[PDB]
Colleague: 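This is the structure I have questions about; it appears just below.
Just so it is clear: chains get the letters A, B, ... in the order the sequence lines come, proteins before strands, and each one is counted from 1. What's counted below: heavy atoms across the whole structure, side chains too, no hydrogens, waters or symmetry copies.
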Amino acid sequence: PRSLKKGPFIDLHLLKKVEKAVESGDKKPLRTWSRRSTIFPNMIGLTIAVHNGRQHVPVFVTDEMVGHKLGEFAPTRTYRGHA
Amino acid sequence: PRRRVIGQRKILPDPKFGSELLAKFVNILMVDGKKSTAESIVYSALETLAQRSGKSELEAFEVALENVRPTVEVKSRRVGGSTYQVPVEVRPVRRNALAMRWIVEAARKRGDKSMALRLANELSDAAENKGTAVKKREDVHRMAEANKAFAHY
Amino acid sequence: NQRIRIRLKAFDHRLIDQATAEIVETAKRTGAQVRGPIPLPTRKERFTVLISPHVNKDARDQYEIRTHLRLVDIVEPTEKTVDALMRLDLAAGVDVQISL
Amino acid sequence: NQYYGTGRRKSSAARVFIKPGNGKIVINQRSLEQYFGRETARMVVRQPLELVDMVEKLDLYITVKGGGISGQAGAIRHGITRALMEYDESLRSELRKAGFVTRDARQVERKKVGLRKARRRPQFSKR
Amino acid sequence: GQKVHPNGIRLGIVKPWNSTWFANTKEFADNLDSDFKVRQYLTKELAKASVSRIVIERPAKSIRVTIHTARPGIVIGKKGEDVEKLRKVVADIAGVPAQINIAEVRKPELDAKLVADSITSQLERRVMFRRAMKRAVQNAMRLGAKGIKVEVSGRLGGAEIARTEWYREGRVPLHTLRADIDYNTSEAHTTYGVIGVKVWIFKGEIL
Amino acid sequence: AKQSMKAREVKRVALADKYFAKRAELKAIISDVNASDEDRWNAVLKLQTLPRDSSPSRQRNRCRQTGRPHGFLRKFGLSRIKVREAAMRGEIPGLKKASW
RNA sequence: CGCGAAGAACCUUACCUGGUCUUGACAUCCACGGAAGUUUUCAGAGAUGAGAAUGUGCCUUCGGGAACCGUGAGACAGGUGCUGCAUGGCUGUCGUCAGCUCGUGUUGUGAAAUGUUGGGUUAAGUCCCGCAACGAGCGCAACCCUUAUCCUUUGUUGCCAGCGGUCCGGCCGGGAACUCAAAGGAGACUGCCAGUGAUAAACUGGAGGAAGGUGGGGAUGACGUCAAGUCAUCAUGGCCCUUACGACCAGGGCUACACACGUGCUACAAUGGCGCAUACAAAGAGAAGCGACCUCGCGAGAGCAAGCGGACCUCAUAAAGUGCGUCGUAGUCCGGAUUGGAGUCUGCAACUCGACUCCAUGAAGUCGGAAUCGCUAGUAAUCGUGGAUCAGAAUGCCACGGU
RNA sequence: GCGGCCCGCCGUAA
């Protein structure tokens, strides 16, 4: 984890649209490629689709998941079992 | 080997007794290349045995050694198909080496606390002609005399 | 005047001996008191590379480069010494440094 | 006047000065038994004396550097033996037989390519 | 792969280096790269002459180049115009100013590089390899030498496995360090791939 | 390797040394112990804006002769194969075979 | 099978998904406009598109190169694409084993033989004697590096016996003795003695000497065998793609997991664990880098900042050992895997997928079936230290000393 | 002087 003397990492080009979709309606889920961004309280209640390498899958953000990364969801590897 | 090795390594005598047998004994008991602990163990065990015996520091040692000392043993020398384990005669240095190795190996297979106590106990038992150490001598002699038919070679 | 230090380094010993002999001789000619060519322990660095283009990690070679050092330390430069050094300074593959 | 000797071992060197006094085993400005941990080192350092002129008319100002315990003890013994040679020239006729004159030249080997140590090679369990 | 390189093993005994200069860690790689560039350019440019060996020495703020050859007139030209073109280009390649020199090869039948690339040039004109090998060995023995060995490898016309041949007479001891052995290689591109050439020349044992 | 790899390498070097100046103070104010909130925030949001192929960490040094990404040596700048053949030939001054 | 790889978060990167280009990301050509620029706004995941000022400067010999961009066409470039059974170069292996051949002359109708076989020796086709053979070549040995003993030369940043004071620190004055430093020489050759031996060649002991019988350790690998390995370091003969098998960008993968093998690390304890105090190495590295002293921190670290291109400074406290106290054979104040919480640091960026610190938790494990391998002396076993690759990152690799 | 221990696909350097 970061040093706490630098703060979380945002990847601004996501922030510039999360700031405009928070107030001017626009409840359409967003399209993004930044799996390395944190979850701020500003995003609460919104839906965002995150690329997993093959196609983006949408998630609905909640309150307890604030502080994690965008990629903590949307798993990449696909496995079912040896059968 | 196929060739012949000539010579023999020389070892310093014991610092506080001047006995090469003590040096060889502590060398055999030495593990990991840590001589100081081995000689500390040997000295503690010897003083305990001397107290429990009433003799000098060497008389008990020689008595215990002479209690467990091979005279003959078998050796698989073979002619014409089968093996025919036969008994042979043992030269003195081999006898001393075997005796000390058996003493130590019996020493390590006991549950008494600390090696020095164990070693003293087994030396005292050998002085009294009992214990696991004497059993090896006895059964080696037994096996050797069982095959006392092919010894013509 | 003061200490004047000359440090000499080269990858070969014959020409370093030649150069130190030449410099001590010219310094003695110009007129001053000089001291011995200190041997100044050498540096050796090794390398180890494997030779096969593809496999066989156990095939390797060892290479090294030696660097020799010599110290002169000419003391009390009387006169014409500095110009003589700045004019008589010729060597191929020899590095030379001078300090005040 | 005093006399000199030099002993060497695995990686140790010894400077020995001998003077006709009665008992002086200073080593690096320290006494013998305090410098050397209680072990056979004291036996080996006093060994080349008890057979000739058993530490009566002698002073043993000693300096040592490099190596470990046993190396330093052996180097000291070699230096002391060598120093006595320039005291009486007839002492060779016994020190030679004692074996203290010869300089031991055993030291560690290289680590060679493809081996874990000087001679230990990786386990060979190939079929 | 069994034989140690004959030239390298003797670099400190009876053989000199080809580049002689001193440097520290900062400029070692740059000096090596510059020497590689200049040697490559000279080899490309002076192919038509008989160039044998390039020695590069760095004076303090300078570079000094000497060329060994057997036909110096071609390299040096009618006047010093061509050596001047070479000097301009070389001083362009390496920043410091440059000076050029020419060496003279007295017996071209020695100096194995010349023999090797002569044989390659002959092979490029579709001549039987065996005649070339015998011719070279006979010439070298006639001019005076204690031994010589040549060898050729590759697809010598037949589609079958590439073959190998070699001839030798005299003495060519390779396990004695005192011996002065000259060794060099070359290769020729033909219509059926490349052919390798190696030459050993034993000028004489040195005390 | 291929030509495009070397082209990418040289472009990376150029972009790295073009913007070297400003990244220093950007990181300096990011790491400052007396920096306020808004300035540090703007710095962390602005250093991100630079072209990605500009950090020095985005460069793999490779052999000058060929461009091999493995087996590099900082001392000479060549891969193991080329340094071995050149050392045998006699290009490197001072190199020998170590025995000891 | 800890192999290419001396080091995988992006890059590396070849592979997958999607978004893009067509004389091209890298060269030579042809014709116009054009210092090369530098700052900066927007759309974008980004490639990339739009833009706005900044700029138009040399020799001018008057049009070119310098200067690079931006265009349009055509030769062309570009392929880690297939064939190691078309090849060069470079390695492994039998094997550091002692063998492998030729010229001339003789013998046989001929393939071939002789020499190279025989007696005695040696590490050795190493040597003597004999013999239709007489001589050579590549091999063996020697010439090379290092280690062990002395002698000269030089004496700082290295050394301190004698001298003087000295805070008692080689600290200073001094010294050139000793250690050491790196240059040059001496030394071992069965040299000498006795015995055995075909009055050879050699082999047993002895003296002397630091070293005695190729002193110890390396580097050096004959003719050839295995259609051995590598077209993906590199170079190449053939084919085969050219709006694509060429080129650019963002995310993902090379790290998956019912399982099976190879190579290692730590243990199962009392020759031990824990606490306190103390003592002896060698070899290396250092400028976009080694980083001291002080001050904050329990800690990983942070702030300020000297010195060092280095026998001067930093890395950098060696650990086993040795003295005291405790634990008392107990799945244990043995063992430390897994998991929770809280942090530091490198880097645009530690989710997949880094290394360390603190607190808590504390698993299997009580010496291992059939089987199997390494080592002959400073060697096995054991204990620590350094270096390369490298922003970051070793239980691997390559080196150094102690017992 | 005498214990036991079997097999190895088709073509293929010049």
Colleague: What contact category does A:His13 fall into here, base, sugar-phosphate, or nothing, at under 4.0 angstrom with non-hydrogen atoms?
Modeller: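 Answer is sugar-phosphate: A:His13 comes under 4.0 Å of backbone atoms only.
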Colleague: Quick one: do H:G4 and H:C5 stack, meaning six-ring centroids under 5.5 Å and planes under 30°?
Modeller: yes
Colleague: For the structure I just gave you, are G:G65 and G:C58 base-paired, Watson-Crick or wobble, with both distances less than 3.5 Å?
Modeller: yes
Colleague: Heavy atoms only, 4.0 Å cut-off, all strands: where does F:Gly71 land among base, sugar-phosphate and nothing?
Modeller: sugar-phosphate
Colleague: Mark yes when both conditions hold for G:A132 and G:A133 (six-membered ring centres under 5.5 angstrom, interplanar angle under 30 degrees), and no otherwise.
Modeller: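 No, which means the ring centres are not under 5.5 Å apart or the planes are not under 30°.
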Colleague: Which whole-number value in Å describes the distance from D:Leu115 CG to G:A380 P?
Modeller: 10 Å
Colleague: Whether the F:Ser54 and F:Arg23 side chains hold a donor-acceptor pair (N or O, under 3.5 Å, no angle test) is what I'd like checked.
Modeller: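 Judged by distance alone, the side chains do pair up.
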Colleague: Scan C:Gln62 against the nucleic acid and name what it touches under 4.0 Å (heavy atoms): base, sugar-phosphate only, or nothing.
Modeller: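 Counting heavy atoms under 4.0 Å across all strands, the contact made by C:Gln62 is with sugar-phosphate only.
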Colleague: At under 4.0 Å between heavy atoms, what does F:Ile81 touch on the DNA or RNA strands: base, sugar-phosphate, or nothing?
Modeller: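 It contacts base atoms.
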Colleague: Please classify the nucleic acid contact of A:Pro1 as base, sugar-phosphate, or nothing, using heavy-atom distances under 4.0 Å.
Modeller: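 It contacts base atoms.
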Colleague: Would you call A:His51 stacked on G:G251, i.e. ring centres under 5.5 Å apart with the planes less than 30° off parallel?
Modeller: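 Whether judged by distance or by angle, A:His51 falls short somewhere, so it does not stack on the base of G:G251.
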Colleague: Ignoring hydrogens and geometry beyond distance, is the side chain of D:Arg96 in donor-acceptor contact with the base of G:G209 at under 3.5 Å?
Modeller: yes
Colleague: Can you tell me how far P of G:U346 sits from CZ of A:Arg2, to the nearest Å?
Modeller: 12 Å
Colleague: Any base atoms under 4.0 Å from A:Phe73, or only sugar-phosphate, or nothing? Heavy atoms, all strands.
Modeller: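 Nothing: the residue A:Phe73, judged by heavy atoms under 4.0 Å, touches no strand.
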Colleague: Is there a side-chain polar atom (N or O) of B:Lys34 under 4.0 Å from OP1 or OP2 of G:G321?
Modeller: yes
Colleague: Output yes when at least one side-chain N/O atom of A:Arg77 is less than 4.0 Å from OP1 or OP2 of G:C351, else no.
Modeller: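 It does not, given that no N or O in the side chain of A:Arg77 lies less than 4.0 Å from OP1 or OP2 of G:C351.
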Colleague: Taking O4'-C1'-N9-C4 for purines and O4'-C1'-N1-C2 for pyrimidines, is G:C189 syn (within 90° of 0) or anti?
Modeller: syn
Colleague: Does a side-chain N-to-carboxylate-O contact under 4.0 Å join C:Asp95 and C:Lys9?
Modeller: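 Salt bridge absent between C:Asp95 and C:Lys9.
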Colleague: Using a distance-only test with no angle check, is there a side-chain donor-acceptor pair under 3.5 angstrom linking D:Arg15 and D:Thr63?
Modeller: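 Their side chains do not contain a donor-acceptor pair, so the 3.5 Å distance test is not met.
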Colleague: So what's G:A202 paired with, Watson-Crick or G-U wobble, going by both distances under 3.5 Å?
Modeller: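 Per the H-bond distance test, G:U196.
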Colleague: What's D:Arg110 touching, base or sugar-phosphate or nothing? Going by heavy atoms closer than 4.0 Å.
Modeller: sugar-phosphate
Colleague: Under 4.0 Å, heavy atoms only, any strand: does F:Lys96 hit a base, just the sugar-phosphate, or nothing?
Modeller: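 No contact.
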Colleague: Start with the C-alpha gap between F:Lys97 and C:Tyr63, add the side-chain angles, then the distance that decides, and say whether side-chain contact (heavy atoms from CB on, under 4.5 Å) holds.
Modeller: CA-CA 5 Å; F:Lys97 285 179 70 70; C:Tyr63 303 135; 3.9 Å; yes
Colleague: Using distance alone, with no hydrogens and no angle criterion, decide if D:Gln72 and D:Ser70 have a side-chain donor and acceptor under 3.5 Å apart.
Modeller: no
Colleague: So, does the side chain of D:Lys112 form a donor-acceptor pair with the base of G:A399 at under 3.5 Å?
Modeller: no
Colleague: Is there a donor and acceptor pair closer than 3.5 Å between the side chain of D:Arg120 and the base of G:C375?
Modeller: no
Colleague: Ignoring backbone atoms, test whether C:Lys57 places a side-chain nitrogen or oxygen under 4.0 Å from the OP1 or OP2 oxygen of G:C3.
Modeller: yes
Colleague: Under 4.0 Å, counting only non-hydrogen atoms across every strand here, what does F:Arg58 touch: a base, just sugar-phosphate, or nothing?
Modeller: base
Colleague: Please report, rounded to the nearest Å, how far the P atom of G:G158 is from the CG atom of C:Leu69.
Modeller: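 Rounded to whole Å, this separation is 16 Å.
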Colleague: Between A:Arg31 and A:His56, does any side-chain donor sit less than 3.5 Å from a side-chain acceptor?
Modeller: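 On atom types as modelled, these side chains qualify, holding a pair under 3.5 Å.
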Colleague: For G:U263, take OP1 and OP2 only and decide whether either is under 4.0 Å from a side-chain N or O of D:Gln123.
Modeller: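 It does, given that an N or O in the side chain of D:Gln123 lies less than 4.0 Å from OP1 or OP2 of G:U263.
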Colleague: Taking atom P in both G:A270 and G:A330, compute the distance separating them and give it to the nearest angstrom.
Modeller: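 Here G:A270 and G:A330 have their P atoms 12 Å from each other.
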Colleague: If you look at every strand shown and take non-hydrogen atoms under 4.0 Å, does C:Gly36 touch a base, only sugar-phosphate, or nothing?
Modeller: sugar-phosphate
Colleague: Verify the contact: side-chain N or O of E:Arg155 to OP1 or OP2 of G:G237, cut-off strictly under 4.0 Å; return yes or no.
Modeller: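 For E:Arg155, the contact criterion (side-chain N or O under 4.0 Å from OP1 or OP2 of G:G237) is not met.
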Colleague: Under 3.5 Å for both donor-acceptor distances, Watson-Crick or wobble: does G:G33 have a partner, and if so which one?
Modeller: G:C69
Colleague: Should G:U214 and G:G215 be reported as a stacked step, that is, with six-membered ring centres less than 5.5 angstrom apart and planes less than 30° apart?
Modeller: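 The answer, once centre distance and plane angle are checked, is that they do not stack.
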Colleague: Does the pair F:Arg12/F:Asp53 count as a salt bridge with the N-to-O cut at 4.0 Å?
Modeller: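 Between F:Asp53 and F:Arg12 there is a salt bridge, with a charged N closer than 4.0 Å to a carboxylate O.
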Colleague: Among the candidates H:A13, G:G262, G:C26, find the nucleotide nearest to the side-chain atoms of E:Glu160.
Modeller: H:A13
Colleague: Counting heavy atoms from C-beta on, name the nucleotide in G:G378, G:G251, G:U344 closest to the side chain of A:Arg35.
Modeller: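 From the listed options, G:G251 comes nearest.
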Colleague: Regarding B:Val5, tell me which of base, sugar-phosphate or nothing describes its non-hydrogen contacts under 4.0 Å with the strands shown.
Modeller: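 Nothing, no heavy atom under 4.0 Å.
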Colleague: Is F:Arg80 near enough to G:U91 that one of its side-chain N or O atoms lies under 4.0 angstrom from OP1 or OP2?
Modeller: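 For G:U91, OP1/OP2 do not have a side-chain N/O of F:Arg80 under 4.0 Å.
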Colleague: Describe the nucleic acid contact of F:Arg62 in one word from base, sugar-phosphate, nothing, applying a heavy-atom distance below 4.0 Å.
Modeller: sugar-phosphate
Colleague: Report yes or no: is the cationic atom of C:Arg46 (NZ for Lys, CZ for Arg) under 6.0 Å from the centre of the six-membered ring of F:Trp100, at an angle within 45° of the ring normal?
Modeller: yes
Colleague: Name the nucleic acid region contacted by D:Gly71, choosing base, sugar-phosphate or nothing; use a 4.0 angstrom heavy-atom cut-off, strictly under.
Modeller: sugar-phosphate
Colleague: In Watson-Crick or G-U wobble terms, both distances under 3.5 Å, what is the partner of G:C274?
Modeller: G:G325
Colleague: Looking across every strand, which nucleic acid part, if any, lies under 4.0 Å from C:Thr42 by heavy atom: base, sugar-phosphate, or nothing?
Modeller: sugar-phosphate
Colleague: Is G:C367 base-paired with G:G24, counting Watson-Crick or G-U wobble geometry with both distances under 3.5 Å?
Modeller: no
Colleague: What about A:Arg31: does its side chain form a donor-acceptor pair under 3.5 Å with the base of G:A45?
Modeller: no
Colleague: Across all strands, who's sitting opposite G:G7 as a Watson-Crick or G-U wobble pair, both distances under 3.5 Å?
Modeller: none
Colleague: Find the partner of G:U385: check Watson-Crick (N1-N3 plus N6-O4 or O6-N4) and G-U wobble (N1-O2, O6-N3) distances, both under 3.5 Å, and reply none if neither fits.
Modeller: G:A399
Colleague: Paired with G:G158 by Watson-Crick or G-U wobble geometry, both distances under 3.5 Å: which nucleotide is it?
Modeller: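 Result: none.
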Colleague: Could you tell me whether C:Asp17 and C:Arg70 make a salt bridge, using a distance below 4.0 angstrom between a side-chain N and a carboxylate O?
Modeller: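 The answer is yes: the pair qualifies as a salt bridge.
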Colleague: What about B:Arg108, does its side chain sit under 3.5 Å from the base of G:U271 through a donor-acceptor pair?
Modeller: yes
Colleague: Would the bases of G:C254 and G:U255 meet the stacking rule of centres under 5.5 angstrom and planes under 30°?
Modeller: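 Stack absent between G:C254 and G:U255.
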Colleague: Taking the 3.5 Å cut-off for both atom pairs, check whether G:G215 pairs with G:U56 as Watson-Crick or wobble.
Modeller: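 Taken together, G:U56 and G:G215 make no base pair (Watson-Crick or G-U wobble, both distances under 3.5 Å).
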Colleague: Check the chi torsion on G:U149 and let me know: syn if it falls within 90° of 0, anti if not.
Modeller: anti
Colleague: Distance check needed: G:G309 P versus C:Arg7 CZ, whole Å only.
Modeller: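 About 8 Å, once rounded to whole Å.
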Colleague: Would G:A200 be called syn or anti, given that syn covers angles within 90° of 0?
Modeller: syn
